[PDB]
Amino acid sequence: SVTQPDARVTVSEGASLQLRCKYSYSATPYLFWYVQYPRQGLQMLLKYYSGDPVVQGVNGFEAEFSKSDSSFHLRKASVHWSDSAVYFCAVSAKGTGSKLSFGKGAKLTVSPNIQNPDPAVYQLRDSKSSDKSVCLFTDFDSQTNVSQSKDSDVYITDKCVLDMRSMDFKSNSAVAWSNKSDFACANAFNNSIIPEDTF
């Protein structure tokens, strides 16, 4: 079986990356790394059968094999927002070479850098049937955490990074709403937020 230490990993954009992977076979198996981008199938990132312990992969990915530690660590010099995916380590025992076995997978979230942060909380009205309000937190930074809903009735989503390819501008955003009689902007989004946002 393959063991990947962490299922969740977060790294700033333009930073070094090491995803660890250790196997449990004494006899050295065939080693593999695979990538799963959201709403896609798995693609082989890289492979290792024998010889040079340092294996070069596509898209600047490398993998070092350690017979000593029974390791097969994936490495990349620098990460970008496009490298946000779930990474799997796979093995196949000797003799059962065409029988793969994947790890739990490490979800790699790469927090992009934003040159001009200007956090803000706005109120959006519904297109049809007005007075249906939805509060929106946006243009804040990737360093500030978005907290879950403490009241089941009110609903808050986790942060989300959108990309306007034309303007080279990415922005994080969280959405909160409630169908109750009493619900406002400063009323919600309270947890761990900057006092510098526009209302």
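In this text, residue numbers run from 1 along the sequence as written.
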Inset, instruction - Higher average CA B factor in the deposited record is what I'm after, so tell me if that's 151-159 or 54-62. - result: 151-159
Inset, instruction - Higher average CA B factor in the deposited record is what I'm after, so tell me if that's 187-195 or 16-24. - result: 187-195
Legend entry - Candidate residues 31, 167, 134, 45, the one whose C-alpha B factor the record puts highest: 167
Legend entry - Candidate residues 101, 71, 113, 78, the one whose C-alpha B factor the record puts highest: 113
Inset, instruction - Consider only the C-alpha atoms of the modelled residues in this chain, order them by B-factor as the entry records it, and name the third containing residue 171: lowest, middle or highest. - result: middle
Inset, instruction - Please place residue 123 in the lowest, middle or highest third of its chain by C-alpha B factor as given in the entry. - result: middle
Inset, instruction - Using the B-factors in the PDB entry, rank residue 96's C-alpha atom against the chain and give the third, lowest, middle or highest. - result: highest
Legend entry - Cα B factor band for residue 82 (lowest, middle or highest third within the chain): lowest
